[PDB]
Amino acid sequence: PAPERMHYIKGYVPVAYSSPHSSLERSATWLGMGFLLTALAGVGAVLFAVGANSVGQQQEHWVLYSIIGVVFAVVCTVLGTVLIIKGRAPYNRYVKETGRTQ
Amino acid sequence: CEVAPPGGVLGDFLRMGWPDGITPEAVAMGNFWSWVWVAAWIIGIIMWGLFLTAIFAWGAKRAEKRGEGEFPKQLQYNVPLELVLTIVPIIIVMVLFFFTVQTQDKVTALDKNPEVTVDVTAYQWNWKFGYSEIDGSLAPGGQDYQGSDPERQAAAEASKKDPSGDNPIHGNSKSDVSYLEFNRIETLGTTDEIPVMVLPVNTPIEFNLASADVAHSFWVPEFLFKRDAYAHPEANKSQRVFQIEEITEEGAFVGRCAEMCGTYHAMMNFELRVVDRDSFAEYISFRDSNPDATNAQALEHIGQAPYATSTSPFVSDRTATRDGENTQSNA
Amino acid sequence: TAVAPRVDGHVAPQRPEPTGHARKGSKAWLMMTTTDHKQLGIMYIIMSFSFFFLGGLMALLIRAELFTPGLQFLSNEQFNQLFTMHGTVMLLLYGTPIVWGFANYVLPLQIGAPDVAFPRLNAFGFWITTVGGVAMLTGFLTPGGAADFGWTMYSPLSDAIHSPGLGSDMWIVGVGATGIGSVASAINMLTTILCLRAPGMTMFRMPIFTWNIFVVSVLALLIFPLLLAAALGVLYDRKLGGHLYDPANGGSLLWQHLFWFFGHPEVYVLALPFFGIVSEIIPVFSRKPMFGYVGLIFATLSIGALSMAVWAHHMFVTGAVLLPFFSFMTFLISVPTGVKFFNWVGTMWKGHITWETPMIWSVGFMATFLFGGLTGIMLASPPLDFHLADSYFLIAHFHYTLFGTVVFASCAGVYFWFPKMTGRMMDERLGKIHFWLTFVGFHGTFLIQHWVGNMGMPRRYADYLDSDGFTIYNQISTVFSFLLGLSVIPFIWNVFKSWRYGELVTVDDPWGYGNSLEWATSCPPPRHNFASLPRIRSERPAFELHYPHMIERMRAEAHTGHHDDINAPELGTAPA
Amino acid sequence: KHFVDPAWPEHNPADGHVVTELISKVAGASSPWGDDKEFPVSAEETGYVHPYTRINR
Amino acid sequence: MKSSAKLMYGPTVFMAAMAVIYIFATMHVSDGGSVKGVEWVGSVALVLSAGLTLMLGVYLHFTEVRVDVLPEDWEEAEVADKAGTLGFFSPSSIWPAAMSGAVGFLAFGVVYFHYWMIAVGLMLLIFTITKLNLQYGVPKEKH
Amino acid sequence: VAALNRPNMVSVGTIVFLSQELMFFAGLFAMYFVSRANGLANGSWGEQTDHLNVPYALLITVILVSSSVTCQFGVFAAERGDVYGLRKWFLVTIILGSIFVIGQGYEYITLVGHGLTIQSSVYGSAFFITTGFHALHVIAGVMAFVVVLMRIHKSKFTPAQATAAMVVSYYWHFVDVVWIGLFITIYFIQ
Ligand code: HAS
Ligand code: HAS
Ligand SMILES: [Ca+2]
Ligand SMILES: [Cu+2]
Ligand SMILES: [Mn+2]
């Protein structure tokens with residue numbers, strides 16, 4: 001397999017998205033992206049519940065809709081976030097190990 | 001929306017051609033519409049202004065005549081700004097969705113306590129109206145009035161299965177019509193006559209839609225509302241009833257078919273005429289007493305014009321309309 | 001980084017010949033037999049513009065008959081046939097094939113491949129699309145005529161019991177064949193991106209047109225099988241006596257759900273590639289990089305995900321779909337579609353804009369499409385769509401929006417890549433005449449339709465009464481419709497004249513600041529695209545190739561943050 | 001011992017197979033003419049005999 | 001091909017989420033503008049769509065795990081790393097147009113529902129696909 | 001000095017094509033399930049599945065999975081470079097696929113013999129559209145195997161013919177999976 005880092009002289013700065021340490025290939029990141037997109041549906045759910053309540057309907061279930069909305073939103077947000085961070089770990093240690101960010 | 005629009009000529013521009021609306025929920029929808037156009041015009045103005053700024057400030061000849069050089073500043077990323085410009089749309093559409101849910105839940109409710117229920121049948125290519133229920137306070141005689149014609153409804157109910165055994169659709173006959181409604185007082189539209197549905201003012205009304213063959217749609221632009229009328233609405237899980245809390249003001253209002261249904265789709269018009277509460281009691285009493293009398297005669301009897309006014313029947317001749325006059329008049 | 005030896009006896013490779021110098025017999029048998037992706041792309045584009053003229057002629061007949069209240073020369077049946085076939089031709093024989101034609105031409109030039117993955121499957125896609133077109137239009141040769149149930153083919157109106165003519169069958173097999181063409185093209189493009197990129201052309205160095213072609217290939221592969229399945233179900237029902245779409249089987253809404261699960265992703269399949277063409281054009285004439293490149297990729301893929309969940313906002317007035325779910329989903333997919341405008345403004349922000357024809361067409365696209373999308377969010381809200389569904393307001397919405405993408409940005413692509421395609425430029429003055437005619441005619445046609453739709457006119461109405469109050473609006477709209485129809489006369493003349501007598505291109509990049517790789521090769525490219533390849537390091541290699549003194553500058557200015565890693569130490573040691 | 005086709009490439013046995021369903025040693029399609037072949041060849045070893053045709057004028 | 005294989009898990013997770021959400025919602029939630037009950041078209045459609053993206057993501061990942069570091073998947077590749085053979089590509093073929101014509105004959109037979117047209121179109125189609133797939137292998141004539 | 005491993009391009013194309021064929025069958029399954037919902041709304045569906053013949057369907061299921069195992073043995077033969085093992089196993093797979101389609105044709109003939117037709121019920125319509133499209137896909141698969149045998153008869157067995165054989169095996173695995181799913185829905189849970 002190819003080495004961990006490649007030859008950069010001083011003064012050279014790359015465009016380095018597909019590098020081996022970039023979170024755009026580490027699989028955790030894209031799952032976290034999926035879950036972060038998915039979390040917004042729970043915000044939609046709680047808003048639908050509260051809006052239906054405010055005009056006097058959905059009265060037998062709007063508290064349950066609010067509960068499932070907020071818990072779905074928060075668990076998707078949380079596990080998607082931590083998955084993003086687990087994808088972005090190698091780049092962070094790269095940024096520590098050398099002065100290079102780009 | 002509860003909040004009224006700005007009104008005046010500004011309101012006339014903002015509502016952008018919408019009728020004023022002859023129900024309370026039409027007023028709510030029109031309000032919401034005008035406010036979302038205040039928002040939309042703000043967005044459109046500022047972004048068209050950016051596209052004009054591009055024409056008149058960010059040009060290359062203007063930049064070269066003031067010594068900017070060959071290239072601009074090769075900026076490509078601004079993580080905070082391209083975050084903020086994404087997060088602001090989200091919190092915009094969330095508020096839009098909140099108000100959307102409020103208005104939709106008010107319009108779409110089925111707990112308005114209807115006093116008059118009309119059974120509507122669409123077919124290729126006209127309408128049939130009939131009074132299913134008229135609760136007592138305006139009913140003929142004062143007792144809560146049911147409209148079903150039991151013999152004819154029973155014939156339609158018996159058409160649910162073929163005696164010769166050709167029953168392919170889940171055990172039922174292919175030409176089942178037991179979902180359709182047959183009442184005693186009915187008005188039936190024809191190529192020669194527009195069907196005029198008479199209704200009372202200030203009364204909660206229910207409409208019950210269905211079609212004899214093909215999908216149609218029941219668009220009254222003055223209600224600011226339409227729904228599709230289907231054949232076998234329950235097999236399609238299509239909610240076939242809708243309710244309005246009242247019609248606020250009386251008059252004659254056009255209504256059109258708003259789903260493609262074939263050749264004469266554009267000729268499938270009806271009129272919704274709205275009269276006083278006591279005048280409607282008189283109309284329904286007259287029709288119930290002498291059921292041979294027509295719709296025009298009852299309309300004359302309560303002091304209204306016999307035939308529709310907001311719309312007219314079409315000349316059926318396939319060429320006579322060529323020089324403009326496509327409407328045939330009635331006495 | 002290695003450096004070659006200044007080799008002896010070196011002279012640049014020979015330039016291929018431009019168009020218009022052809023001997024007789026040079027393209028007949030080649031057309032019939034070629035597997036060259038770029039001749040196939042030219043054939044796609046010519047074919048789709050011919051169908052554009054057909055469908056638009058149908059539309060101008062529609063506008064002529066709506067000019068005054070009575071039926072002056074058309075019947076109700078013929079008007080129904082006309083709008084049905086106008087819709088079908090413009091969406092399935094102009095739109096999708098021009099998408100795949102532009103993809104076929106420029107994509108292997110953008111990623112640095114010689115061919116596409118499956119050349120004969122590419123040829124098959126072209127020919128099956130042409131046969132689908134011929135089949136679909138053959139219905140007009142019957143005595144009864146074409147299909148007349150709208151391009152949506154709603155049921156039970158599409159059952160044999162309710163539409164028995166043979167044209168109703170021909171329409172089905174037409175759209176089926178066109179879908180077969182699309183899936184062939186989609187397979188090709190996806191494999192070609194996965195398997196034939198150039199050295200150093202990593203995924204996050206491809207241009208944005210390539211990314212959009214990626215995601216729309218995925219969408220097309222999702223959806224076109226489903227349309228073929230549903231429509232062969234309809235043809236099964238009609239021919240064999242089946243009952244799947246029987247109304248008592250819930251068949252009406254079965255059809256509507258299936259159709260729109262195909263059909264909304266199809267309008268995104270038509271929108272995204274032309275957004276990509278505009279994202280190619282805008283940075284070239286601003287002399288500035290494409291702003292927010294990775295963010296644009298994420299927005300594109302976000303649309304690709306969301307498009308499969310927003311489908312049933314075409315069914316709000318059916319009284320049979322859960323309203324808040326699809327309303328919220330539509331409100332969400334509005335967000336990444338709108339982020340693209342912010343990125344294009346960032347690409348123009350304090351640039352050095354020059355107004356050649358493609359920049360004019362692209363900014364006209366932006367101005368046109370903004371209003372269409374603003375109109376779209378009103379339909380996303382069911383309280384408003386209760387009034388606006390199947391009104392002329394909807395016509396105005398999707399015409400603003402489908403002209404914004406598939407017409408304005410299609411002409412932008414034509415002007416932008418005509419030099420590369422042919423080795424010749426087009427006449428800039430005739431292009432500006434084309435643009436202003438199209439612009440004036442278009443806004444004069446479809447702006448006033450918002451008002452007449454709000455006022456109560458339904459769509460698909462052959463005839464109306466002079467008491468409705470619709471007449472004056474229809475008259476204004478039809479006058480500007482004929483103007484918009486005249487707009488194609490300078491366009492056809494410009495293409496024809498410039499193809500054989502146009503100004504010759506003497507440079508690899510006649511606009512000067514070409515970002516993508518297609519401007520690193522000659523005009524026209526050789527048979528296998530590249531006589532030599534440059535170092536790919538940015539997402540705009542051609543710019544780095546032609547202006548090396550800028551390669552220090554852009555890397556310093558790329559980010560707003562105060563990144564200091566141009567003073568970082570050496571990393572690695574030696575090998576490469 | 002098991003059979004191998006005479007047109008099949010020889011290979012390092014540690015490197016698996018010439019081709020398998022997931023992977024190949026080439027970016028496009030393998031050639032029908034054997035990838036072990038190197039083209040062009042001499043016209044003498046293609047066997048094409050170019051005719052000499054004279055028609056009456 | 002790492003990023004390509006991995007970005008297919010965004011839409012997979014999203015479409016699976018929307019499938020389960022849509023299913024539970026359409027069966028349990030009630031509003032006055034629809035009838036309660038699980039909506040089977042959107043259910044099957046979304047789960048099979050997540051199946052398609054799952055299919056591509058999993059196959060491409062299972063391939064990616066045993067392909068070498070290619071120059072086109074490398075940030076500092078030299079242009080001479082792909083020097084050599086790239087692969088075989090068809091230079092020309094009459095059989096794509098032939099296949100389109102076969103499918104046209106089949107489709108018009110289906111339209112009119114002439115049985116002989118359906119038979120002949122299917123025969124033409126199998127023939128033309130076979131001749132396409134035998135193009136670069138037909139023997140030299142042995143006379 | 002040796003050459004790098006790359007994705008087999010033809011396999012990638014075949015897998016993309018098979019993904020979109022799965023999405024074809026999605027729609028027929030959705031039609032089936034909508035029909036089944038309407039049919040269980042008044043208990044008529046069960047009276048139409050009272051014509052089914054589960055042991056025989058399980059038999060032809062066993063035959064089809066055996067044929068898929070067979071074509072994978074042929075894949076192994078191909079990738080080793082052996083034309084004769086491939087040429088044996090693919091013929092066995094063609095025999096087993098022929099047996100499948102003949103058994104399915106007999107199943108149709110007996111179902112028509114006592115009621116079930118496209119026109120007699122909604123159940124018959126759904127049943128015959130789904131199983132008939134699948135049988136057409138099986139017939140296209142055996143056509144594919146025969147064309148492979150011709151290809152390796154009259155062209156030398158290079159890796160280019162081996163890749164063709166392997167992707168035709170992929171196609172047969174797809175039809176086998178579609179059958180397992182269709183068998184699980186229309187015969188077991190019904
Ligand atoms: C190229 C082809 C198309 C594109 C792209 C397109 C985009 C949208 N459409 Fe659409 N459309 C609908 C909604 C939208 C929405 C929300 C968007 C969005 O993509 C729009 C987003 C784009 C923008 C350009 C937004 C503004 C941009 C910016 C940068 C500002 C930030 C945005 C904010 C703050 C959100 C705006 C908020 C405001 C308060 C204004 C709906 C329902 O919500 C229906 C069905 C209605 C019915 O059945 O009557 C519909 C119907 C159609 C048809 C019907 C054909 C038929 O006969 O049935 C076609 C062909 C079509 C094409 C296309 N449409 N559309
Ligand atoms: C990409 C997709 C589309 C494009 C582009 C498009 C372009 C137009 N459309 Fe449209 N369309 C309508 C009007 C137009 C007009 C006027 C144009 C224009 O772009 C057409 C002009 C374009 C041309 C390309 C014309 C070429 C001109 C020629 C060939 C003649 C030039 C020569 C002249 C004038 C003589 C020279 C005279 C001298 C004095 C020199 C209208 C209403 O005015 C409706 C609703 C109808 C109804 O009743 O609901 C409609 C319906 C649809 C539908 C729904 C179909 C359905 O409901 O079943 C779709 C999907 C669609 C798509 C598209 N449409 N359109
Ligand atoms: Ca007129
Ligand atoms: Cu949509
Ligand atoms: Mn509708």
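Computation of the quantities below employed the complete heavy-atom set of this structure, encompassing side-chain atoms and omitting hydrogens, waters and symmetry-equivalent molecules. Proteins get letters first, then strands, A, B, ... in listed order; numbering begins at 1 in each.
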Within 6.0 Å of CZ in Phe113(E), more than 12 heavy atoms from elsewhere: yes
Contact origin within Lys82(E) toward chain F - heavy atom pairs under 4.5 Å: side chain
Heavy-atom proximity to chain F below 4.5 Å, by part of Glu72(E): side chain
Option that, when pairs with chain F are counted at under 4.5 Å, heavy atom only, ranks first among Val67(E), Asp73(E), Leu134(E), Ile129(E): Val67(E)
Greater than 12 external heavy atoms within 6.0 Å of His114(E)'s NE2: yes
Under 4.5 Å from a heavy atom of chain E, the part of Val12(F) involved: both
Leading residue by heavy atom contact count with chain F [cutoff under 4.5 Å; candidates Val38(E), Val41(E), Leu56(E)]: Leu56(E)
Ring geometry between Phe24(F) and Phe133(F) (parallel below 30°, tilted from 30 to 60°, perpendicular above 60°): tilted
Validation row, ring centre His51(F) to ring centre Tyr123(F) under 6.0 Å: no
Largest heavy-atom contact set with chain E, pairs under 4.5 Å, which of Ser19(F), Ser155(F), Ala26(F), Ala160(F): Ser19(F)
Region of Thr53(E) that comes under 4.5 Å of a non-hydrogen atom in chain F: neither
Rounded distance (nearest 0.5 Å) linking atom CD of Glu79(F) with atom OG1 of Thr163(F): 12.0 Å
Contact winner vs chain F - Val138(E), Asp68(E), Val44(E), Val69(E), heavy-atom pairs under 4.5 Å: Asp68(E)
Note, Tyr136(E) side chain near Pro91(E) side chain (heavy atom, < 4.5 Å): yes
Between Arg6(F), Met23(F), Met150(F), the one whose heavy-atom pairs under 4.5 Å with chain E are most numerous: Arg6(F)
Close aromatic pair by centroid cut-off 6.0 Å: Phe100(F) and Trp179(F): yes
Contact leader toward chain E among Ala144(F), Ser11(F), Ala3(F), where contacts are heavy-atom pairs under 4.5 Å: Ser11(F)
Atom group of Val47(E) that falls short of 4.5 Å from chain F, counting heavy atoms: neither
Nearest-0.5 Å distance that lies between atom OG1 in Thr49(F) and atom CZ in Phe127(F): 11.0 Å
